[PDB]
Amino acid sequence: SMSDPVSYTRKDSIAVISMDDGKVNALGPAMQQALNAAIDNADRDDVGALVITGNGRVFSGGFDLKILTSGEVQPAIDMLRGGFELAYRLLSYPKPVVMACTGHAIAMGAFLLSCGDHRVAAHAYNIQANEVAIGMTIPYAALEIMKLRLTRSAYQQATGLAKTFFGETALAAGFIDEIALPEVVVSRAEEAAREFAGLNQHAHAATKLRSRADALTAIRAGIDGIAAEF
């Protein structure tokens, strides 16, 4: 929403990519462009690991609702495809990816969060696929992302019932991996990233793909199936 919604900072073995559009980090075309460019920077720098953060208010409130509800079909399709493409890129990323969930993560915000190898949040941040609560069916690509992380029963309630998770319930459900106090969420994320950069990169990259093979295939299908959804 702001003109310059993503910052990139390299600190030794890691790259820190921060979303702040001055509002709720809506994942519209400009934000997606800025995130892809930031990842290109990390590629160029051949960093050991990535940390992705939100701002002080949210991790992200999801796709841009203005575009989603504008009545223009192809722009909405393209926004959704771009968001799930970014999810694909992060889930298959050859370096460890750590998410600093610095506030609430709703819908595409929660799906983006769910692409990190490690995810840190504070206890009062809501994580929810709210689609059903607002009259939308969850796209197949999103379901596959959630199915990769959420326990079988948590997955059931997260989808059909739009259940909100947080703190201990998010940890148990598999929506996050670590709970920390708000003031140290980013620091904990950076610490984990520095540790994971110590793993063998080749083995990490190859193994993560094997552990996500079916999901990645289904996500590709889901991306090519977005049009059909509309």
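Heads up: residue numbers just count along the shown sequence, starting at 1. We call the rigid core the largest set of C-alpha positions that still match within 1.5 Å between the two forms.
Of the two stretches examined, 131-139 and 67-75, the one with higher mean CA deviation in 4 other deposited structures of this protein after a rigid core fit is 67-75. Annotation for 66-74 versus 182-190: the higher mean temperature factor (C-alpha) is found in 66-74. The mean C-alpha temperature factor is higher for 33-41 when 33-41 and 157-165 are set side by side. Residues shown: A133, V98, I106, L113. Highest C-alpha temperature factor in the entry: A133.
When the modelled residues of the chain are ordered by C-alpha B-factor, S13 sits in the highest third. Looking at the C-alpha B-factors along this chain, the one for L27 belongs to the lowest third. Ranked against the other modelled residues of its chain, the C-alpha B-factor of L199 as given in the entry falls in the middle third. The PDB entry assigns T151 a C-alpha temperature factor belonging to the lowest third of its chain's modelled residues. In the deposited entry, the Cα temperature factor of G83 sits in the bottom third of values across the chain's modelled residues.
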